[PDB]
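Read off the chains here:
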Number of protein chains: 2
Amino acid sequence: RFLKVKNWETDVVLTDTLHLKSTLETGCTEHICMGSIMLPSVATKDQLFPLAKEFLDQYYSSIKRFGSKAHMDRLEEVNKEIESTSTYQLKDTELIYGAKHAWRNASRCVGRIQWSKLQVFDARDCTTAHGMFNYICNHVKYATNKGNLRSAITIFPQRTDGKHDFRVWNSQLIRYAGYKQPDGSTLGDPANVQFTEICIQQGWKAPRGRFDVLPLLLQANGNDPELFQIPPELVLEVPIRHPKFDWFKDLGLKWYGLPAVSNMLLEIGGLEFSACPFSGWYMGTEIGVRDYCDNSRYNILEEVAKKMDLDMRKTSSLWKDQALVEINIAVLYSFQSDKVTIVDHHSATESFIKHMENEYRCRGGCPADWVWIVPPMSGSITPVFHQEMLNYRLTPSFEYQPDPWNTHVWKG
Amino acid sequence: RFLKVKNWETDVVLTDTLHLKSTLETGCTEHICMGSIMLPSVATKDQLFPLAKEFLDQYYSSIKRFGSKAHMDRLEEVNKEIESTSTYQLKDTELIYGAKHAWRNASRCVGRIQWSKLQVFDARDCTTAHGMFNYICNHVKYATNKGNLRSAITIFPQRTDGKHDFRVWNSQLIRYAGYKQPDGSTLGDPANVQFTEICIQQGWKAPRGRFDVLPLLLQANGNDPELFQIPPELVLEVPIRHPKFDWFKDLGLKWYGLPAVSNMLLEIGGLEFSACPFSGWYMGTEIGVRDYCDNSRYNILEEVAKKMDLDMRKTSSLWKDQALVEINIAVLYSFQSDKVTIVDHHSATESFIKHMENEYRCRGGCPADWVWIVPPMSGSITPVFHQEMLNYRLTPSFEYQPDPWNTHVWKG
Ligand code: HEM
Ligand code: HEM
Ligand SMILES: N=C(Nc1ccc(CCNCc2cccc(NC(=N)c3cncs3)c2)cc1)c1cncs1
Ligand SMILES: N=C(Nc1ccc(CCNCc2cccc(NC(=N)c3cncs3)c2)cc1)c1cncs1
Ligand SMILES: C[C@H](O)[C@H](O)[C@H]1CNc2nc(N)[nH]c(=O)c2N1
Ligand SMILES: C[C@H](O)[C@H](O)[C@H]1CNc2nc(N)[nH]c(=O)c2N1
Ligand SMILES: [Zn+2]
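Each value, and the rule that gives it
- Residues numbered from 1 in each chain as written, not as in the entry; some residues may be left out.
- Chains lettered and ligands numbered in written order.
- Heavy atoms only, no water.
- Helix = DSSP H or I, 4+ residues; strand = E, 2+ residues; numbered from the N terminus.
- Rg over C-alpha atoms; globule rule 2.2 N^0.38 Å.
- Areas by Shrake-Rupley, 256 points an atom, 1.4 Å probe, with all protein chains shown as cover.
- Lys, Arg positive; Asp, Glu negative; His and termini not counted.
- Charge placed at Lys NZ, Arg CZ, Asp CG, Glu CD.
- Near = heavy atom within 4 Å.
- Polar contact = N/O pair within 3.5 Å; in protein donor to acceptor, adjacent residues only side chain to side chain.
- Nonpolar A, V, L, I, M, F, W, Y, C, P; charged D, E, K, R; others polar.
- Expected span 1.5 Å × (residues − 1).
- Buried < 20%, exposed > 50% of the residue type's maximum accessible area, 1.4 Å probe, protein only.
- Contact = heavy atoms within 4.5 Å.
- Donors = N, O, S within 2.8 Å, 3.2 Å for Na, K, Ca; no water.
- Salt bridge = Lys/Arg side-chain N within 4 Å of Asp/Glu carboxyl O.
- Least-squares fit on C-alpha atoms.
- Pairing = 2+ DSSP bridges.
- Axes fitted to C-alpha atoms, helices over the stretch in contact; angles between N-to-C directions.
- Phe/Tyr/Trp six-rings, centres within 6.5 Å; stacked < 30°, edge-to-face > 60°.
- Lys NZ or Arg CZ within 6 Å of the ring centre and 35° of its normal.

X-ray crystallography is the method the PDB entry states for this structure, with the resolution given as 1.958 Å.

Going by what the PDB entry lists, chain A is known as Nitric oxide synthase, brain and is assigned to Rattus norvegicus.

With that settled, consider the overall build of chain A. From N to C terminus, chain A includes 12 helices and 18 strands. Taking 412 residues into account, the globule formula puts the C-alpha radius of gyration at 22 Å, and chain A, at 23 Å, falls close to it. Only carbon and sulfur atoms are counted for the fraction: they give 51% of the accessible area of chain A, which is about 18200 Å². For chain A, the distance from the average site of its 46 positive side-chain charges to the average site of its 49 negative ones is 3 Å.

A separate point is the site of ligand 1. All names here are of chain A. Among the 16 residues in the neighbourhood of ligand 1, the closest are listed as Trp103, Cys109, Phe278, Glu286 and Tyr400. Between ligand 1 and the protein, one listed contact pairs a nitrogen atom with a side-chain N or O atom of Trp103 at 3.5 Å. Side-chain polar atom of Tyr400 to an oxygen atom of ligand 1: 2.7 Å apart, as the coordinates give it. Partitioned by chemical class, the residues of the shell around ligand 1 number 10 nonpolar, 4 polar and 2 charged.

Residues and elements named next belong to chain A. Between its first and last C-alpha atoms helix α1 (residues 45–62) spans 26 Å; for 18 residues at 1.5 Å apiece the expected length is 26 Å, and the two agree. Turning to α1, its buried residues are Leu48, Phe49, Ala52, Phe55, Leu56, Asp57, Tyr59 and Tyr60. For α1, the elements touching its buried residues are α2 (69–85), α3 (92–104) and β13 (265–268). Note on α1: the residue one or two positions beyond its end, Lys64, has a positive phi of about 65 degrees.

Before going further, it helps to spend a moment on the coordination of the iron atom of ligand 1. Ideal geometry at a metal gives 109.5 degrees between four tetrahedral donors and either 90 or 180 degrees between six octahedral ones. In this structure, the iron atom of ligand 1 receives exactly one donor atom from the protein: A:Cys109 (SG), at 2.3 Å. Tracing the backbone through its elements, the reader meets A:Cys109 in the loop between α3 and β3 (119–122).

Our focus in this paragraph is the interface of chain A and chain B. On the side of chain B, 61 residues touch chain A, which itself brings 61 residues to the contact. Linking chain A with chain B are 0 salt bridges, by the criterion used here. Taken together, chain A and chain B are joined by 28 residue pairs in polar contact. Residue assignment for the side of chain A that touches chain B shows that the elements contributing at least two residues are β1 (3–6), α7 (284–293), α9 (319–337), α10 (345–363) and α11 (370–373) of chain A. A total of 10 residues in the side of chain A that touches chain B trace back to one element, the largest contributor, which is α9(A). Class assignment of the residues belonging to the side of chain A that touches chain B gives a composition of 27 nonpolar, 24 polar and 10 charged.

Superposition record for chain A on chain B: RMSD 0.0 Å, screw rotation 180 degrees, translation along axis 0.0 Å. The operation mapping one copy onto its partner corresponds to a two-fold rotation axis. An overlap of 100% is found between the interface residues of chain A and their copies at the interface of chain B, pointing to a shared contact surface.

All names here are of chain B. With 4 bridges connecting them, strand β1 (residues 3–6) and strand β2 (residues 13–16) associate as antiparallel partners. By the bridge assignment for β2, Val5 is matched with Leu14. Following β1, the chain reverses through 6 residues before pairing antiparallel with β2; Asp11 in that reversal takes a positive phi of roughly 60 degrees.

All names here are of chain B. Along the chain, the position of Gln387 falls in the loop between α11 (370–373) and β18 (397–399). Here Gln387 falls in the buried class, since its relative accessible area comes to 4%. For the pair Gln387 and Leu310, spaced 77 residues apart in sequence, the C-alpha separation works out to 35 Å. Reaching out from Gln387, the side chain makes a polar contact with the side chain of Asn7 at a distance of 3.0 Å.

Residues and elements named next belong to chain A. With mixed pairing, 4 strands are arranged side by side in an open sheet as β3-β4-β15-β12. Only two strands of the sheet have a single partner each, and these edge strands are β3 and β12 (260–261). Relative to strand β4 (residues 152–155), β3 is paired through 4 bridges, and the arrangement is parallel. Paired with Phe121 across the strands is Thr154, a residue of β4. Its contacts with the sheet place α3 against β3 and β4, and it is angled at close to 130 degrees to β3. Packing against the sheet, helix α4 (residues 129–144) makes contact with β3, β4 and β15 (278–279), and its axis sits at approximately 170 degrees to β4.

For the rest of this paragraph, the subject is the side chain of A:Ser274. Residue and element names in this part refer to chain A. Assignment of secondary structure puts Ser274 in the loop between β14 (271–273) and β15. Relative accessible area serves as the criterion here: at 1%, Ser274 is assigned to the buried category. In this view, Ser274 contacts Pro157, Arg159, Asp165, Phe166, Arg167, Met264, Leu265 and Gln401; residues no more than four positions away in its chain are not counted.

With that settled, the discussion passes to the packing of aromatic side chains. All names here are of chain A. Evaluation of the coordinates by the stated rule reveals 45 aromatic pairs over all chains. An angle of 85 degrees between the planes, with centres 5.3 Å apart, marks the rings of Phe121 and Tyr142 as edge-to-face. With a gap of 21 residues between them, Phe121 in strand β3 and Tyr142 in helix α4 connect regions that are remote in the sequence. Owing to a relative accessible area of 24%, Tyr142 belongs among the partly exposed residues under this scheme. The interplanar angle of 80 degrees and the centroid separation of 5.8 Å between the aromatic rings of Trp255 and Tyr298 together place this pair among those described as edge-to-face. You can see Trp255 sitting in strand β11 (residues 254–256) and its partner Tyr298 sitting in the loop between α7 and α8 (301–307), a full 43 residues away along the chain. Exposure class is identical for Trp255 and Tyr298. Each is buried. In textbook terms, an aromatic cluster arises when at least three aromatic residues are bridged by ring pairs, as seen for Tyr176, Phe211, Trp255, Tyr256, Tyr282, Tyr292 and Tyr298. Here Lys6 stacks its cationic end above the ring of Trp8, 3.7 Å away from the centre of that ring.

Have a look at this one:
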């Protein structure tokens, strides 16, 4: 009941007792491990108060007033508010704590050494899609900070009945369009071909190119969503060049600077925040490996290998591996030369080991998802490959949720 | 109870019902996933017969005579033999079936598309360490087959009381020595520094160099183990050259051709085979990535990057990644040019997807360990990165076991 994780490169051993406070379930049983399944698995007033109490007992414990007067009155205050409304409202401090610890608790995030340096924007007074656009625009401007990126989260009103939900229908605030073709090929980003078309249905006028920044589809208080174009001056992009190969400019690639996830759900004290877009900065491999080289994404290994004059006849010439390394040198170089924040997989995975040591020491553990923490190239030459990790669900947390277009009681 | 695994690059979905026949436990619970822990977790006559029956019910089912006369008589025959001796003996056919399915069932092995082409050598008549040397020598000769490698397993007598065990104390039949230094550095292979010294204690005369093939320490029928030198003519090695960089010869590296694991335990029908060395061929990344570039192994990224004239000042120049790809191009090229069998991570991971489709179709599933199946470089540009896998323990199986020097009632 007091488990041990080992690093097999350093022989360092850590003891996890934090998993005892774990509540949710993982998908694994004693007879089957599901640690490589991508997505594993109304709210009544009965269930609500224990979730509120559990959250408030760790909030007040955290500020060194566990069980004090203010704790008991706040516990009774929330209990009384859940009697009257069968829900409740977080104090501003409780909202900032909740958000930072949802990030702290995200076992799939290698960036978490920053978890406490997070700027929380309280958008709970928002009522319309236009107000969402405004709040989201100010999030982008602040987070980008002229390339010196800053982590931030914007939190729209919590779910109530369920049919009144705030949702951002984009997967990321900033995301390139994807259009199919007559010959069945795909221009832009094949990830977003369905969403790109959805914007066209609600009325987008698409400039059918490669790197066309999608509009925002914003749904407020359960109403039908509404399209808005982020002003291009707020959309910072980085043209990708190589520090050796000058044909790399001719590739004419580019990516946006600010990764900002917008389709997830934030749980705090049993309250559900269906619209909570959050942003930090990129680890280089996300762009150079997955975005650029996934077969079902931009899929550019073909062209880069050609221009490098590689032996592409055989699998075993490792031409794919060789062109993958050049591409990620190029992403990093281009971002850095522009003073736009980015971290390479070596620095980020090292920081995550250091972060792990902090969490085990001053918190008794750090939930971690090896399948997601290990980067998608050069796995074993990063220290996290050799680090055993225990995965488990702690709350507050970021959860997946269905896409709004599959659940929204459409209204035409 | 009828689970679904998805490939997120091909959108292919498979249905696993094979996990229902799973027996052993994984280490995971409903509240904690341990899929990245390296090693998770006498035998009485009471427990023995169900294990025998379970094995015999699937053996006879496999040859299309489930429940026939021969099945029932064999079930009674084994029951009667477990009454008299509280153990039993496998028929030769049952031994070959068991071994092939232990391999078939090995969720950490990406090579399993070959699982039925396995040469089983019955060494159960062996009684002395000299006989073990002889059997092991014939295994090496056969498996190597002039570079056209062939999978094989040699099976020494099963454990009985426990204090009479056959063990091979080497981790692999062929393995390079590791010696420390006055300045605390290490020559050869740091993995085997303890075992290298153990051979020196029992009497080895070490040629203190880099790539010195260790002697065999062979323990028969519980007696103290005995040293034997494999004749060098049976030890096929491959000098590593690069197809472009001619300084790569000056690196003067080499590896042995035949990977032959010797420290594992084979369970068949409740019977334990403590000495069962098995051999196939290498996936290139095992040598070029782990053996050569693990920090606690040969650790050569330093020198290869130097001779490539790389910017080693910064982490983010990705010089480590760049020199890692060259090194694995070199391992593959050198093995192939010599007609010594080897598979590159791209071909091997593709074959494992194809194998997965076969197992789900004609068997209802394929237990698979994503943490181990995904290769240690270029992860997401192989199809197994994008393949969800269910892990679970089926029997017959290969299990870990303590090193004999930590358990053997030593006798001096
Ligand atoms: C500040 C720098 C950050 C870095 C370098 C970073 C890095 C990463 C990476 C590489 C992933 C894997 C994503 C993928 O492969 O699709 C990830 C996942 C994730 N990150 Fe972090 N992140 C950062 C900030 C944040 C912030 C500020 C939050 C929340 C407020 C956050 C929450 C998450 C969550 C919830 C996931 C899991 C998403 C999923 O399960 O699909 N991250 N992060
Ligand atoms: C024929 C070509 C084969 C290939 C290409 C292959 C490939 C691999 C690789 C790359 C690993 C990971 C090893 C590591 O990273 O330490 C592995 C593990 C394993 N292989 Fe296969 N293998 C082959 C044949 C076999 C055979 C013939 C057997 C048994 C008779 C076998 C049984 C296993 C087992 C039990 C493991 C897990 C070892 C562990 O858990 O540490 N393999 N294989
Ligand atoms: N459609 C598919 N399914 C699919 C389903 C779910 C997902 C989940 C993808 N999470 C995107 C994500 C999440 C968190 C952080 C980042 N990155 C960052 N650095 C930051 C962003 N904000 C602050 S930091 C990116 C992805 C794909 C697929 C098709 N082919 C392969 S997957
Ligand atoms: N000492 C350490 N612990 C440690 C504990 C356990 C282990 C287990 C390592 N299995 C070695 C192995 C197993 C199966 C197949 C192959 N390869 C093949 N292709 C074949 C061989 N035969 C037929 S195919 C190699 C490894 C290390 C470490 C220190 N640093 C990092 S690990
Ligand atoms: C099938 C598999 O679980 C899927 O590819 C996962 C693997 N690990 C990952 N790791 C990260 N960071 N991001 C991903 O999208 C995935 N995908
Ligand atoms: C900590 C972690 O489980 C350990 O590095 C595992 C990861 N995956 C692996 N995968 C393979 N094939 N071989 C290994 O030795 C390991 N080591
Ligand atoms: Zn698990």
